[PDB]
Amino acid sequence: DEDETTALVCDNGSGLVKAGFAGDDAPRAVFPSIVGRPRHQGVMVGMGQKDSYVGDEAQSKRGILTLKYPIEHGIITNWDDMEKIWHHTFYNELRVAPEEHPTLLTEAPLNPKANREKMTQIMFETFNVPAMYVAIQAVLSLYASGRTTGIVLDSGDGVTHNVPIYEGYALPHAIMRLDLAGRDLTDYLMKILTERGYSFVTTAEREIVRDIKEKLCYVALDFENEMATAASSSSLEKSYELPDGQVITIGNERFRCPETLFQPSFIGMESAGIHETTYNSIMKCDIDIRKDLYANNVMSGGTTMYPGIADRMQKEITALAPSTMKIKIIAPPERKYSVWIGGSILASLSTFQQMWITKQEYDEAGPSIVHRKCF
Amino acid sequence: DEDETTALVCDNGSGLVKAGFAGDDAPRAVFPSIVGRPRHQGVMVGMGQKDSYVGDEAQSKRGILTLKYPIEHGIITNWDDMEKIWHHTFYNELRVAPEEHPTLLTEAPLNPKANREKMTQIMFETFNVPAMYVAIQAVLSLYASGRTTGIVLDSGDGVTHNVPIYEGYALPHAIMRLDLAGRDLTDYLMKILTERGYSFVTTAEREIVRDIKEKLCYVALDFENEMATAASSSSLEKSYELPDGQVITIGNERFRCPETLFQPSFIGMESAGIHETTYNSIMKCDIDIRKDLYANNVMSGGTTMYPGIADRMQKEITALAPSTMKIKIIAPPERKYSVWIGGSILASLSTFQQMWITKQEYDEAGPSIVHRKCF
Amino acid sequence: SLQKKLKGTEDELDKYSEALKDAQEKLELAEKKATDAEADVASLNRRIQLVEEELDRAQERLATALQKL
Amino acid sequence: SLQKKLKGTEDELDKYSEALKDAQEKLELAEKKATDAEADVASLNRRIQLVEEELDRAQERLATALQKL
Ligand SMILES: Nc1ncnc2c1ncn2[C@@H]1O[C@H](COP(=O)(O)OP(=O)(O)O)[C@@H](O)[C@H]1O
Ligand SMILES: Nc1ncnc2c1ncn2[C@@H]1O[C@H](COP(=O)(O)OP(=O)(O)O)[C@@H](O)[C@H]1O
Ligand SMILES: [Mg+2]
Ligand SMILES: [Mg+2]
């Protein structure tokens, strides 16, 4: 299927795995990060004895399979799910073995050392891979953006990373990760919908309402004013049609769901909102480059697909920062895949072909030394 | 009958209504939450034309009246039954009108807005009441316990609420309700008794076996070991005498009925057992206060009248949590009425007499604004 | 003969049901895409009005700064 | 009984055919609306890009004028 000896770019982002060959502009195999295990034991004869579903095979059946998240906040919980999702991506979709081409994986900023050593060991010992490389997502996203300056805000599913890069210079001391993202928003919407009257307590419905949020939920331009005008609703409340057919009616809750990002007090945490944390990060940077960080801020992550984030960011930053300079916020189209796109354009360089880590040196050095070599 | 202008404490708990005047230590009018409706049509002349029985009048006759539960999982199904049970409690037992004293009602945590607005409207418009107030059960139970710290586990009839309160401080974000309680235990015992050989499919027998459970069923200290030693039964199986006279023989099933609480998989639900859900709730709290929540856990609800719950909780929490600290579980005597008792001691304070909601402000504001004022 | 006719009619019924389900799936996909595109159009119209207001502000500011120069 | 069943099956077949035709019509309508919305959003993307370039030029000249002042 592939006639070019190039690394397979597999972005294992929290919530959605995006795998594809280098050189492509979009991932071909896109599936959620979920593992469906058989809950009961059947006396039936003939069905697949497979004890571990994955991807679309699990999405197609969520009532029988108990759903487990292979990644939580960033820390890898179960490694069997890791081996399952890579083995599946290798021998069920791509139809190619890892013994013929490299593999450029993308990991989140500020992750545990155990996670890195574990994935590297599974990719070297178990699977025979000629060479591995771990890369931070923020750099590849800035590559795909086509710039060298700005602060990347990557909001995945269970973690949110703010990474400032000015003139192509990383700042490992300022990268601050906060576990507020799509899962805590799904939980907030679920508890407020339970407050509305429709109560559910199973994961399949949680994924359904997550999809409903992805499709409908947006960000408000003025929270309190929308609350007042929605008190007497007319066009502000919408009636959604569940894929099963049950008629759901959702009004203001939509534009109050992502608001939890701006007010973490809703989930009883002393952490500051994403905008205030980004602002504090800007103060932690130097003054000289602060204006450039204001003018080149970039966004990444699937959570940014909601309509109305750019305007909300502009008003909040204008209210926090002075209103004398110019603070333009740029969001490139299809930003979610941009990271992966970067991977593709990063795997075609010959120099990058010279910066890989082969098996033998890793085996003698050991995983810890490999950690030192990368950084 | 009453010479003090004090609020009538009417705990409308799921399964048992407990009504009484403030200042008393126990409810005088205690009757199950059931409504009996005439099934057939009689050509007889002279009997009461009353088309809606309630309370003991329905309990005395369960063969003729089809029984309907006025509350399910927490959501109010029929409002006519609501009006029936309050009108009955007012003009058949207490022998007092609501137009002379307030009324402190107790509602379950995390209930629908429709339920609250409906009951408040029936208590203001229809009935002329000088003032109403909705209160959460967990706070009043913690009051009656005589403390300010701990996690209250209220297991009613169709819903189970875990509410953490440390230093008197409520945590509306951590309150998680799960519809596993006495009705699902009655259903499990019924299906397993049908498996034993005695099959029934009517509600009167369901209430009878519910009473049998309340009287006999207990919690096991070691499930598998009791299963093994009960395989060859001698004193482990007991012969109960039905109030009708039929000789029933029940052995291990007793201490396997409440076990469904610890293993929801028996009813094919992905939800976690009450102990595991409480443990997860403790992780959701902060670490600083977790030890205090371990040392001050309180229980509430009629379902807790079974013998052997405290020991089972201690072993399960010790197996789940470390065994280095001290984890004492306290269960106050007559905990079931404690909630109501709290109501009594809450209605005697002058400040609480200043926190009531009169008719006029509610009428101008409307019910929704009243919801904002309370919380 | 009538059993053969009923068999044929039931086969045609199954075919029509399959075609109707396929058409319903396509209808869902198309309506979702249309609604998403309409929402994007509305949001971007708001955006471009805001940007035009900003451009007018910048032009007036420039004219004032020029006069001062 | 078989004649009654055949009549019922034929009625169901006619109803399914009508439903399929209506679904195809709504499919055509939704596809047309989606195509129009995509054309509109593309035109608005070019317009907003042009206005953004204009605004960047305007702000650059405003900064130059401020420095001169
Ligand atoms: N099309 C979409 N619309 C809205 N939200 C989305 C969409 N796709 C993903 N998300 C949200 O983004 C999160 C996953 O993001 P992720 O795939 O990790 O981004 P990235 O791959 O850029 O790191 C989930 O919480 C999900 O709710
Ligand atoms: N004396 C008792 N012994 C055992 N179980 C009981 C007893 N009284 C009530 N229950 C159980 O408790 C449930 C009702 O509890 P409820 O009256 O709602 O408690 P509370 O009034 O504290 O909320 C029913 O399912 C019933 O089976
Ligand atoms: Mg992301
Ligand atoms: Mg209770």
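- If you check the header, you'll see the entry was determined by cryo-EM and the resolution is listed as 4.8 Å.

### Quick word on the pairing of strand β6 (residues 65–68) of chain B
Residues and elements named next belong to chain B.
Reasoning step 1: Every second residue of β6 is oriented toward a common face, the buried set being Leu65 and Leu67 and the non-buried set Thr66 and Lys68.
Reasoning step 2: The pairing of strand β4 (residues 35–38) with β6 spans four bridges and is classified as antiparallel. Counterpart to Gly36 in the pairing with β6 is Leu67.

### Points about the site of ligand 2
All names here are of chain B.
Reasoning step 1: Close to ligand 2 lie 17 residues; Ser14, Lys18, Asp157, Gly302 and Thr303 are nearest.
Reasoning step 2: A distance of 2.9 Å separates an oxygen atom of ligand 2 from a polar atom in the backbone of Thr303.
Reasoning step 3: Contact between ligand 2 and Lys336: a nitrogen atom at 3.1 Å from a side-chain N or O atom of the residue.
Reasoning step 4: Secondary structure elements with two or more residues in the shell around ligand 2: β1 (8–13) and β2 (16–21).
Reasoning step 5: The class makeup of the residues in the shell around ligand 2 is three nonpolar, eight polar and six charged.

### Notes on the arrangement of the chains
Reasoning step 1: When the four pairs of chains in contact are ranked by number of contacts, first place goes to chains C and D.
Reasoning step 2: Spatially, chain B and chain C are disjoint, and the shortest separation between their C-alpha atoms is 30 Å.
Reasoning step 3: With respect to C-alpha atoms, chain B approaches chain D no nearer than 36 Å, and the pair has no contact.

### What about the site of ligand 1?
All names here are of chain A.
Reasoning step 1: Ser14, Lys18, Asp157, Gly302 and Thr303 are the nearest of the 17 residues found near ligand 1.
Reasoning step 2: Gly302 is positioned such that a nitrogen or oxygen atom in its backbone is 3.0 Å from an oxygen atom of ligand 1.
Reasoning step 3: Between ligand 1 and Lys336, the relevant distance is 3.1 Å, taken from a nitrogen atom to a side-chain nitrogen or oxygen of the residue.
Reasoning step 4: A total of 570 Å² of accessible area belongs to ligand 1 in isolation, and the protein chains cover 93% of it.
Reasoning step 5: Tallied by class, residues from the shell around ligand 1 come to three nonpolar, eight polar and six charged.
Reasoning step 6: Here the shell around ligand 1 spans two domains, and each of domain 1 (5–31 + 73–138 + 338–371) and domain 3 (139–185 + 275–337) adds at least three residues to it.

### Some points on helix α6 (residues 203–216) of chain B
Residue and element names in this part refer to chain B.
Reasoning step 1: In a regular helix each residue adds 1.5 Å, so 14 residues correspond to 20 Å; α6 covers 20 Å between its end C-alpha atoms and thus fits that length.
Reasoning step 2: Three or more residues of α6 are buried, namely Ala204, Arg206, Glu207, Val209, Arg210, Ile212 and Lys213.
Reasoning step 3: In this structure, the buried side of α6 is in contact with α1 (56–59), α5 (182–196) and β14 (238–241).

### So, the interface of chain C and chain D
Reasoning step 1: Listed as interface residues are 37 residues of chain C and, on the opposing side, 35 residues of chain D.
Reasoning step 2: Of the roughly 3,300 Å² buried between chain C and chain D, counting both surfaces, carbon and sulfur atoms make up 86%.
Reasoning step 3: Our count for the contact surface shared by chain C and chain D stands at zero salt bridges.
Reasoning step 4: Our count for the chain C to chain D interface comes out at zero residue pairs in polar contact.
Reasoning step 5: Of the residues in the side of chain C that touches chain D, the class split is 20 nonpolar, five polar and twelve charged.

### A few points about the relation of the copies chain C and chain D
Reasoning step 1: When chain C is fitted to chain D, the residual RMSD is 1.8 Å, and the transformation amounts to a turn of 177° plus an axial shift of 0.1 Å. Within this description, the copies of the chain are treated as partners about a two-fold rotation axis.

### Notes on the sheet that holds strand β11 (residues 150–155) of chain A
Residue and element names in this part refer to chain A.
Reasoning step 1: Strand order across the open sheet formed by four strands is β13-β12-β11-β16, with mixed pairing between neighbours. With partners counted over all chains shown, the strands left at the sheet margins are β13 (176–178) and β16 (298–300), one partner each. Direction aside, neighbouring strands of the sheet carry axes that sit 15° apart on average.
Reasoning step 2: Direction of pairing for β11 relative to strand β12 (residues 160–165): antiparallel, over a ladder of six bridges. Following the sheet pairing, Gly150 is matched in β12 by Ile165.

### As for unusual backbone geometry
All names here are of chain A.
Reasoning step 1: One non-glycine residue, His73, adopts positive backbone phi at about 70°.
Reasoning step 2: Secondary-structure assignment places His73 in the loop between β7 (71–72) and β8 (75–76).
Reasoning step 3: With relative accessibility at 29%, the residue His73 sits in the partly exposed group.
Reasoning step 4: In this structure, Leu110 is a non-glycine residue whose phi angle is positive, near 50°.
Reasoning step 5: Note that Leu110 resides in the loop between β9 (103–107) and α3 (113–126).
Reasoning step 6: Of the residues examined, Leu110 reaches a relative accessible area of 51% and is grouped as exposed.

### Notes on the packing of helix α4 (residues 137–145) of chain A against helix α13 (residues 335–347) of chain A
All names here are of chain A.
Reasoning step 1: Here α4 crosses α13 at 85°, and the two axes come no closer than 7 Å. In terms of orientation, α4 lies roughly perpendicular with respect to α13. Judged by residue contacts, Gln137, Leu140, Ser141, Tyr143 and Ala144 of α4 engage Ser338, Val339, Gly342, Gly343, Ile345 and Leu346 from α13.
Reasoning step 2: For the contact of α4 with α13, a count of residues per class yields six nonpolar, five polar and no charged.

### Re the packing of aromatic side chains
All names here are of chain B.
Reasoning step 1: This model, assessed by the stated rule, comprises 16 aromatic pairs over all chains.
Reasoning step 2: On the basis of an interplanar angle of 35° and a centroid distance of 4.4 Å, the ring pair of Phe124 and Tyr362 is categorised as tilted. Of this pair, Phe124 sits in helix α3 (residues 113–126) while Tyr362 sits in helix α15 (residues 359–365), and the two are 238 residues apart along the sequence.
Reasoning step 3: Plain terms: the ring middles of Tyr133 and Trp356 are 6.1 Å apart, the flat faces sit at 75° to each other, and that makes the pair edge-to-face. On the criterion of sequence distance, the pair formed by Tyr133 in strand β10 (residues 131–136) and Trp356 in the loop between α14 (350–354) and β17 (357–358) is long-range, its members being 223 residues apart.

Parameters and conventions
- Residues numbered from 1 in each chain as written, not as in the entry; some residues may be left out.
- Chains lettered and ligands numbered in written order.
- Part of a larger assembly, values for the part shown.
- Heavy atoms only, no water.
- Buried < 20%, exposed > 50% of the residue type's maximum accessible area, 1.4 Å probe, protein only.
- Helix = DSSP H or I, 4+ residues; strand = E, 2+ residues; numbered from the N terminus.
- Pairing = 2+ DSSP bridges.
- Near = heavy atom within 4 Å.
- Polar contact = N/O pair within 3.5 Å; in protein donor to acceptor, adjacent residues only side chain to side chain.
- Nonpolar A, V, L, I, M, F, W, Y, C, P; charged D, E, K, R; others polar.
- Contact = heavy atoms within 4.5 Å.
- Areas by Shrake-Rupley, 256 points an atom, 1.4 Å probe, with all protein chains shown as cover.
- Domains from an automatic or database assignment.
- Expected span 1.5 Å × (residues − 1).
- Buried area = accessible area lost by both parts, 1.4 Å probe.
- Salt bridge = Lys/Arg side-chain N within 4 Å of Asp/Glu carboxyl O.
- Least-squares fit on C-alpha atoms.
- Axes fitted to C-alpha atoms, helices over the stretch in contact; angles between N-to-C directions.
- Parallel < 35°, antiparallel > 145°, perpendicular 65-115°, else oblique.
- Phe/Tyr/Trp six-rings, centres within 6.5 Å; stacked < 30°, edge-to-face > 60°.

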